[PDB]
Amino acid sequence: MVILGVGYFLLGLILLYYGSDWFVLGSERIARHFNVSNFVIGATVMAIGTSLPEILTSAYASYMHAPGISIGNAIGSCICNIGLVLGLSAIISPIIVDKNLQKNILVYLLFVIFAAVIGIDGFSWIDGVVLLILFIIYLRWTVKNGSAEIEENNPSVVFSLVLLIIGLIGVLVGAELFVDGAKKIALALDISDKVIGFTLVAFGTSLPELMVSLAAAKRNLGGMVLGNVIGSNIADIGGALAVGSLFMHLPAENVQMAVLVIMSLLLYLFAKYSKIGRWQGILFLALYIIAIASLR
């Protein structure tokens, strides 16, 4: 079983490495086609695509009477996106946020704060319905103020959409092969733990945003990474968390929310009055290191 474990594992890495690049390249071409910013395409299409794991994970979890996993995976991802994902990207490719995007990040902050307050008692199904609607409004609002759309409306768009979709299939399949392969090596060597078994799928639903952002960062597409991080967090709260609430009340996790809010606050302040580069990225990483060392 270890043999096909090494197979699934390494193959997933290869599918993640190349899949992320194509997904980045395809998204970048679509944004130029739609005459919107890389932030927009990252906050919308890329975000939703790379948040599909969390949506399906917590829908299944809350349905299988494990709402702790549900809210845990949604919140955990949000912290990982800002901490690890955005942390590495800011260092690789620093970014200066224009004021059209600062307004968008401020909305993100207000959104999270809202989610944190109504979640103090936990998350009812009504809460999910509310958060899901704001998710929809945000998407439409993000598209329309990031829209300088003009055209009228063949072969150059087809190659773009193909590159994007296949790139997305690459990272989604590549990420779950990574987890399947790691799990298979983990039980064949008999080193399985039921909570580490959660930690690999926890980290697994963040592999898309991680690899995708690393690809965009190395092509100086920080604005795309930024939109991807902002969009994924909302998609985690307004989508993954929300859907989980429909099946069952999610228990309150105020410690992680407080962490998320602070990191979200820091994110806005850095974007509004400073930059998102090295020492900001280093700070994010540091906070992420502390978080994974002390949280529960």
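Only the largest set of C-alpha atoms that superpose within 1.5 Å between the two forms is called the rigid core. Numbering starts at 1 and runs along the sequence shown.
Here 181-189 and 195-203 are scored by the root mean square distance of their C-alpha atoms in 8 other deposited structures of this protein, with each structure fitted by the rigid core; the higher score goes to 195-203. Of the other structures of this protein that model both sides of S77, every one gives it coordinates; not a third omit it. Across the other PDB entries of this protein whose models span the neighbouring residues, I150 goes unmodelled in a third or more.
For the two regions 185-193 and 206-214, the entry's Cα B-factors average higher over 185-193. The PDB entry reports B-factors from which the mean C-alpha value can be compared for 3-11 and 286-294; the larger average falls on 3-11. Compared with the other modelled residues of the chain, the Cα B-factor recorded for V112 ranks in the lowest third. Ranked by C-alpha B-factor against the other modelled residues of its chain, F270 falls in the middle third. Ranked by C-alpha B-factor against the other modelled residues of its chain, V40 falls in the middle third.
When all modelled residues of the chain are sorted by CA temperature factor, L132 is found within the lowest third.
Among all modelled residues in this chain, the alpha-carbon of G223 has a temperature factor (C-alpha) in the middle third.
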